[PDB]
């Protein structure tokens, strides 16, 4: 059974592992797959089936779920869809709040403030709204973008926010003064932004032009430009939790690990890669794709460990939780799909 040679990890042109060439679950041995009425998992036949994945809660939405994100403490999940943004209690999946301010205005991105009291949302009306969750009221509106806001992320300090837009800019907002402190302009649309963990010294942005850019957040100077580069638009980027690398997902169907140079190109998805995230300690990389699956990757070797098929349409967003709201024996992650459902999953080592 195929395995990625340690010498070809960075190699962009390796083949799709045979066990992923056909996502059909009605042909693989009962020993290489886990099936339930709600989802099925395909395991890599070349490795020891370790990890078990289970569905914790399935949350109905009346429109495509564009984004999912956990609060810093891992106790809450916020989803964004058409017109409404919602907050759910992770432990029991209960609805804590549904926030709502031409027809059809999708909430493209959501993000909790570090202390979990506020929720920032980016919509197609070009506005960024900051919601006081407790009192269900908008406490600040950030205006300035000239196109849809595709991504938002808070600085660890909680007094600044970064946004990415189709207007080709990345903006840093001062939440103390409610003003735009800095505007970075590039050549094409910005699809995703991320703040480095800890001090928030760096900001990364994925772009329609196939590149990933990293700026020094205080000066606005471009420190790195990665473009082994992707062959199509980048749709998602996050920093590894150690703040040393960047992980990017692209429409070219690959995920890439960049050392702040491309160390690993994970090959396996059969369609657009739309979202990436890393688990604690960065042991695994999770990717959501238009192929309706979520792949778990061993970060170091680049080998795909298992494919989770738990949606009837594109996995648009993937988020991983910190802490352990479901017990010390579980790790939690969530998916937002075009099938109008947001699911909370729990996984463990067997």
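Positions refer to the first chain, counted from 1.
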item: Residue 101 to residue 102: deposited residues without atomic coordinates; value: 10 or more
item: Length class of the unmodelled deposited segment, which would lie between residue 260 and residue 261; value: 10 or more
item: Stretch exceeding the other in mean C-alpha B-factor - 130 to 138, 208 to 216; value: 130 to 138
item: Greater mean Cα temperature factor according to the PDB record, 34 to 42 or 58 to 66; value: 34 to 42
item: Out of 288, 29, 310, 304, residue topping the C-alpha B-factor column of the entry; value: 29
item: For residue 49, the third of its chain into which the C-alpha B factor falls; value: highest
item: Ranked against its chain, the third holding the CA B-factor of residue 91; value: middle
item: CA B-factor placement of residue 173, once the chain's modelled residues are sorted into thirds; value: middle
item: Residue 270 CA temperature factor, ranked by third within the chain; value: middle
item: Where the record places residue 332 (Cα B-factor, split into thirds across the chain); value: middle
